[PDB]
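Notes follow the structure.
For this chain, numbers begin at 1 and follow the sequence in order. Counting starts at 1 for both ligands and their atoms, following the listed order.
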Amino acid sequence: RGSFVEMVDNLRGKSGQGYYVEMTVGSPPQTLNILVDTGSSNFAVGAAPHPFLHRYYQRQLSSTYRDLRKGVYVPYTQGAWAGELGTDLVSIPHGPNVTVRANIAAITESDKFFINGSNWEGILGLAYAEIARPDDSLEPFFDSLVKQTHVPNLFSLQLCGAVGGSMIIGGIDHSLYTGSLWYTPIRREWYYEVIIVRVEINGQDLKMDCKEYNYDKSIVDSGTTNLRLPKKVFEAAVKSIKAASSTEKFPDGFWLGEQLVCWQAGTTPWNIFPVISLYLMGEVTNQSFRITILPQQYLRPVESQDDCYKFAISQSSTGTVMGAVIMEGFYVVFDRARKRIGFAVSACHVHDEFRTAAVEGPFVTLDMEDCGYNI
Ligand SMILES: CCOC(=O)c1cnn(C[C@H](O)[C@H](Cc2ccccc2)NC(=O)c2cc(C(=O)N[C@H](C)c3ccc(F)cc3)cc(N(C)S(C)(=O)=O)c2)c1
């Protein structure tokens, strides 16, 4: 036991359909399972019956609920919901030892948002006010917590793939990683926006201009499953990954996410697939570092004696998104007080006897401030 021990192992997931934490709302208490999302900024909960929900928030039974008299609507890349704004008291039983009064949206209708069998009933948006709906005067959950209490302006995340993990609020826990932590600056506070300066596939540089990697932004996002890439980058990376795994051919639909391939239980040939590295901007002029993932991170199991996989890198038209495929390799620190994000090798990542995920540096990279996109 270190001093954050009671927060270790406070996350669950069912069949790889989102990581969630327990939260307690209102008075007397109602406890619900809440999806953790660093790619949005609204706190919202289901508040009316739905065939995919086991329970929901009942405002009439809470004596501390206050009505803001205002509607709200939120569309994502996948799905959308509409509801009503209010405030109420909120705690996290396996989190920090405080209670705050927070904005909450009560979800009364939705389309392709809730997921059958996921076991979660609402979402906690952990990013900044600039992207909240209906606009930036609606204060997000993490801002309320820092402004009302002593808790330090920092949190960190360890997602353990195949489903559990930990969310540490107000500090770092040294048993959750090995080796050192390496930091990249947050470019601007809206999404958690970062700069990628080089890409390699099995040690071989892809050689695109670095402005293509960040067009029109690159972000770190725990509520999206895949690594998503801009059109011209997706096309050149798949060509290179096929060239490097050519001891077995696969149909074209596999690299598009439209076909699965299944091996007999225990026998998947991890070694025929290459490793992938991203280089990120560091904290000193002209210095970078690199993070490296394995096929165990970018091929995802779909839930007999047969192990079936889907290829989890895909095309985007709104910039690079480092989703759960990147985060399951690493312990990640969202250090909001010093405007930076830290990466270290995770103590729980999935690997084999020949290779492991890695975080290494320092490397020399010139002109990194050219790489970023301006409106
Ligand atoms: C308002 C200001 O913000 C925005 O405008 C805005 C617009 N988009 N966002 C990004 C947010 O983070 C939303 C939140 C959300 C959360 C839940 C449901 C719907 C939306 N995520 C997605 O949009 C999204 C979700 C999934 C998915 O399946 N997730 C499950 C929970 C999951 C499963 C396993 C895991 F390990 C981790 C997560 C797949 C895709 N893909 C497109 S994919 C196939 O990965 O390429 C996209 C913010």
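Taking a 6.0 Å sphere around CG of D135, one finds it holds more than 12 heavy atoms contributed by other residues, nucleotides or ligands.
With a heavy-atom cut-off of 4.0 Å, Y191 touches ligand 1 through its side chain alone. At a 4.0 Å heavy-atom cut-off, ligand 1 does not touch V321 at all. Residue contacts with ligand 1, taken as heavy atom pairs separated by less than 4.0 Å, do not involve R133 at all. In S222, the part holding a heavy atom less than 4.0 Å from any atom of ligand 1 is the backbone.
Ring geometry for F155 against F334 counts as parallel: the plane angle stays under 30°, on a 0 to 90° scale with 60° as the upper cut. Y309 and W270 have perpendicular rings, their planes meeting at more than 60° on a 0 to 90° scale where under 30° would count as parallel. Using bins of under 30°, 30° to 60° and over 60° for the plane-to-plane angle, the ring pair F343/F289 lands in the tilted bin. A parallel orientation is assigned to the rings of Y331 and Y177, their planes being inclined by less than 30° (bins at 30° and 60°).
Remark: ligand 1 and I123 share no N or O pair separated by less than 3.5 Å (distance only, no angle test). Distances between N or O atoms of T77 and those of ligand 1 include at least one value under 3.5 Å.
Here is the list of ligand 1 atoms found below 4.0 Å of a heavy atom in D221: 10 (C), 11 (C), 12 (O). Taking every heavy atom of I131 and a limit of under 4.0 angstrom, the matching atoms of ligand 1 come to 1 (C), 2 (C). Per-residue contacts place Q17 under 4.0 angstrom from the following atoms of ligand 1 (heavy atoms of the residue considered): 31 (C), 33 (C), 34 (C). Listed by number with element, the atoms of ligand 1 under 4.0 Å from a non-hydrogen atom of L35 are 16 (C), 17 (C). If you number the atoms of ligand 1 from 1 as listed, the ones under 4.0 Å from a heavy atom of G16 come out as 33 (C), 34 (C). Ligand 1 places these atoms under 4.0 Å from at least one heavy atom of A324: 36 (F). Using a 4.0 Å cut-off to heavy atoms of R228, the atoms of ligand 1 that qualify are 42 (C), 46 (O).
Residue contacts with ligand 1 include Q78, since one or more of its heavy atoms lies under 4.0 Å from the ligand. Note on ligand 1: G79 sits outside its first shell, no heavy atom being nearer than 4.0 Å. The closest approach between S314 and ligand 1 falls below 4.0 Å for a heavy atom of the residue.
Between the side chains of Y183 and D335, not a single donor N or O lies within less than 3.5 Å of an accepting N or O. A donor and an acceptor atom, one from each side chain of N286 and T365, are nowhere located under 3.5 Å apart. For the residue pair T24 and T31, a side-chain donor N or O sits within less than 3.5 Å of a side-chain acceptor on the partner. Judged purely by distance below 3.5 Å, without hydrogens or angles, the side chains of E130 and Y191 never pair a donor atom with an acceptor atom.
For atom 13 (C) of ligand 1, the choice among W81, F114, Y76, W120 with the nearest heavy atom turns out to be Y76. Selection from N226, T318, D37 by nearest heavy atom to atom 45 (O) of ligand 1 gives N226.
Considering only heavy atoms from C-beta on, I123 comes within 4.5 Å of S40 through its side chain.
Heavy-atom minimum distance, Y213 versus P230: O-CG, 4.4 Å.
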